[PDB]
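Asker: Here it is, the structure in full.
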Amino acid sequence: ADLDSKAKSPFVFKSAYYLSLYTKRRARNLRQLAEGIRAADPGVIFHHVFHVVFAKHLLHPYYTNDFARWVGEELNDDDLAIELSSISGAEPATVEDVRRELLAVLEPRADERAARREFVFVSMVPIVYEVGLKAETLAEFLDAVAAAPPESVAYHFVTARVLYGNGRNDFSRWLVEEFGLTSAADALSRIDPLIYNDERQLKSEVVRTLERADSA
């Protein structure tokens, strides 16, 4: 049937432990922050921008990333903070796209005003492991993604996409490659992950979208 159709290559569910590395980089002001954003490895941008989707990464609403929060709380510059929070993390945005949008907002605004508490650049490297779910068919896939841990769904929907991928999540890629379902990939591509502060929220949105697209 629709959902009984099978894929050549099954979908394997993975998750990650995020190893957080000290980069020896730190910012006292907007220009230093800009230089650090320019010089940062992808793990740094992923951490301060996308990693906020996790509950552990503490996120205040109305700040969508660490940089925005810092500029707002420490430099007490709101208009700039808002600008910085307004960057889109929806597909097909990758960490390079983000770095670059950030730098675009920062360049004109750069100065030497010193902040209170300086910004510490930290990097994430994911150590990926198998979760224990495979899916051969669409039906299997739906059951799986609904059974998967929230962090697995975050991994496949955010981490794999912005860090490794081309700016398309693993679900989307698997659906299109195997079953050629472009609409479902589109529907997914409509979710901006930065909008959630919590990976369970995120997983809920994702599963809903898939059920909507496939079961329909």
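Ordered as shown in the structure tokens, chains take letters A, B, and onward, while each chain numbers its residues from 1 and ligands are numbered from 1 in the order shown.
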When you look at residue 157 (chain A) with a cut-off of 10 Å (counting only C-alpha atoms), what residues show up, excluding the ones that are within fewer than 2 positions of it in the same chain? I need them as a list in words.

Answerer: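 Near residue 157 (chain A), the qualifying residues are residues 91, 151, 152, 153, 154, 155, 159, 160, 161, 162, 167, 168, 169, 170, 171, 172, 188, 189, 191, 193, 202, 203 and 206 of chain A.
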
Asker: List every residue of region 54-162 of chain A that has an atom at most 6 Å from any atom of region 4-16 of chain A, and for each one report the closest atom pair and its distance in Å to one decimal, counting only C-alpha atoms, with rows sorted by chain and then by increasing residue number, as CSV.

Answerer:
residue,atom,partner,partner_atom,distance
A:126,CA,A:16,CA,5.4
A:127,CA,A:16,CA,5.1
A:128,CA,A:16,CA,4.2
A:129,CA,A:14,CA,5.5
A:130,CA,A:14,CA,4.3
A:131,CA,A:14,CA,4.9
A:133,CA,A:13,CA,5.3
A:134,CA,A:12,CA,4.6
A:135,CA,A:11,CA,5.1
A:136,CA,A:10,CA,4.5
A:137,CA,A:6,CA,4.3
A:152,CA,A:15,CA,4.3
A:155,CA,A:15,CA,5.6

Asker: Under the rule that only C-alpha atoms are counted, which of A:37, A:163, A:82, A:1 is the nearest residue to residue 119 (chain A)?

Answerer: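 For residue 119 (chain A), the nearest of the given residues is A:37.
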
Asker: Would you please give, as number ranges by chain, all residues of region 79-152 of chain A that DSSP assigns to helix (DSSP H, G or I) based on the backbone?

Answerer: A: 79-85, 95-109, 138-147, 150-152

Asker: As a PyMOL selection string, please: the residues near residue 43 (chain A) (cut-off 7 Å, only C-alpha atoms, same-chain neighbours under 2 positions excluded).

Answerer: chain A and resi 41+45-47+123-125

Asker: Between CA of residue 197 (chain A) and CA of residue 17 (chain A), measure the distance and give it in Å to one decimal.

Answerer: 18.3 Å

Asker: One decimal, in Å: what's the spacing between CA of residue 121 (chain A) and CA of residue 104 (chain A)?

Answerer: 18.9 Å

Asker: Find, counting only C-alpha atoms, the residue in A:158, A:49, A:87, A:110 that gets nearest to residue 29 (chain A).

Answerer: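 Answer, going by the shortest atom-to-atom distance: A:110.
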
Asker: Could you please determine the separation between CA of residue 42 (chain A) and CA of residue 24 (chain A) in Å, to one decimal place?

Answerer: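 Computing the Euclidean distance for CA of residue 42 (chain A) and CA of residue 24 (chain A) yields 15.3 Å.
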
Asker: For residue 20 (chain A), which of A:184, A:57, A:106, A:33 is the closest residue, counting only C-alpha atoms?

Answerer: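 That would be A:57, the residue with the smallest distance to residue 20 (chain A).
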
Asker: Using only C-alpha atoms, which of A:75, A:68, A:187, A:105 sits nearest residue 214 (chain A)?

Answerer: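 Looking only at the distances to residue 214 (chain A), the closest residue turns out to be A:187.
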
Asker: For residue 117 (chain A), which residue among A:84, A:71, A:175, A:139 is the nearest when counting only C-alpha atoms?

Answerer: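 Of A:84, A:71, A:175, A:139, the one nearest residue 117 (chain A), counting only C-alpha atoms, is A:71.
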